[PDB]
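First up is the structure itself, then whatever we jot down about it.
Note: hydrogens, waters and symmetry copies are ignored here, and every other heavy atom, side chains too, is used. Naming: A, B, ... by sequence-line order, numbering from 1 per chain.
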Amino acid sequence: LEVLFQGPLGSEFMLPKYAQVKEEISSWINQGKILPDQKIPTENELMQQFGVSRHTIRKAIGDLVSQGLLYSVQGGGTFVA
Amino acid sequence: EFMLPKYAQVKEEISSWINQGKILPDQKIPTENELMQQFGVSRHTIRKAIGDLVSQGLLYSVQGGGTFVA
DNA sequence: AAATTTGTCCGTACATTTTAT
DNA sequence: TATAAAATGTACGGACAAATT
Ligand SMILES: [Ca+2]
């Protein structure tokens, strides 16, 4: 289970949920907790572990894919690039 | 096939508008609601199309302002 | 100040592709 | 070899929030 700082907005520190998810996943990649061509957790698992909607998870992941950090295979999973 | 998902057809048409110079840089494209009406699709589909085009650098958005050709 | 417009977040349903039985 | 289950993709709907007009 990973935590969301969840501070509304206006203070300098707050990020939308999808951005906090992106940061955590990017962090796994950067710290080498996941290696290229290895599968990250499924969308359902990420939903449970982060406590957010499938939409939010897909937004984070989609951003990361368009960044080049990840790639997805329909029906297979999502992997570090 | 010839088939493309709806968000991709929307992307093609907006890109087409920009490529043919029908809208110049820093000019505003139609609103999300006008696009939903014109294409006959959901706000979600429109936002997917636009978001893809923003991420590839063809467009930029301003919350409360509109979406513009880059 | 009100209305408009984009941003975030959530829910459902079904299709498509891969993976497990 | 064939079926089911699992996992991602598309599409849709709603409610509020934030920023501009
Ligand atoms: Ca406005």
With respect to the side chain of [X], which nucleotide from [options] is positioned closest?
X       : options               : answer
A/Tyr18 : D/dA17, C/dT8, C/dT17 : C/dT8
B/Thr67 : C/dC9, C/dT6, D/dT10  : C/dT6
B/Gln63 : C/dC10, D/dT8, C/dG7  : C/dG7
B/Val41 : C/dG7, D/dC12, C/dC9  : D/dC12

Report summary line: By the Watson-Crick or G-U definition, both distances under 3.5 Å, D/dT20 is matched with C/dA3
So do [Y] and [X] actually touch side chain to side chain, heavy atoms under 4.5 Å?
X       : Y       : result
A/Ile57 : A/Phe50 : yes
A/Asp63 : A/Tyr18 : yes
A/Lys59 : A/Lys17 : no
B/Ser15 : B/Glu12 : no

Query - For D/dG14, pucker side given by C1'-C2'-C3'-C4' sign - result: south
Taking [atom1] from [X] and [atom2] from [N], how many angstroms apart are they, rounded to a whole number?
X       : N      : atom1 : atom2 : result
A/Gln20 : C/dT8  : CD    : P     : 13 Å
B/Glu32 : D/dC12 : CD    : P     : 14 Å
A/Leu70 : D/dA7  : CG    : P     : 17 Å
A/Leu15 : C/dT8  : CG    : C1'   : 13 Å
B/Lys48 : C/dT8  : NZ    : P     : 15 Å
A/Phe50 : C/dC9  : CZ    : P     : 13 Å
B/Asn33 : C/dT6  : CG    : P     : 8 Å
A/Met14 : C/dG7  : CE    : P     : 17 Å

Query raised in the report: Do A/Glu2 and A/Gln20 have side-chain N/O donor and acceptor atoms under 3.5 Å apart?
Result: no
Report summary line: Residue pair A/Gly77/A/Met47 against DNA chain C: nearer the 5' end by closest nucleotide is A/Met47
Query raised in the report: Which residue, A/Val73 or A/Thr56, contacts DNA chain C at a nucleotide closer to its 5' end, judged by nearest heavy atom?
Result: A/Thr56
**Report entry** 5' priority, DNA chain D, between A/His55 and A/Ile61 [closest heavy atom]
**Finding:** A/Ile61
Query raised in the report: Side-chain N or O of A/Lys39 less than 4.0 angstrom from OP1 or OP2 on D/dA7?
Result: no
Query raised in the report: Does a side-chain N or O from B/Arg47 land closer than 4.0 Å to OP1 or OP2 of C/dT6, or not?
Result: no
Requested in this report: Assess whether one donor atom and one acceptor atom, taken from the side chain of B/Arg43 and the base of D/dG14, lie less than 3.5 Å apart.
Outcome: no
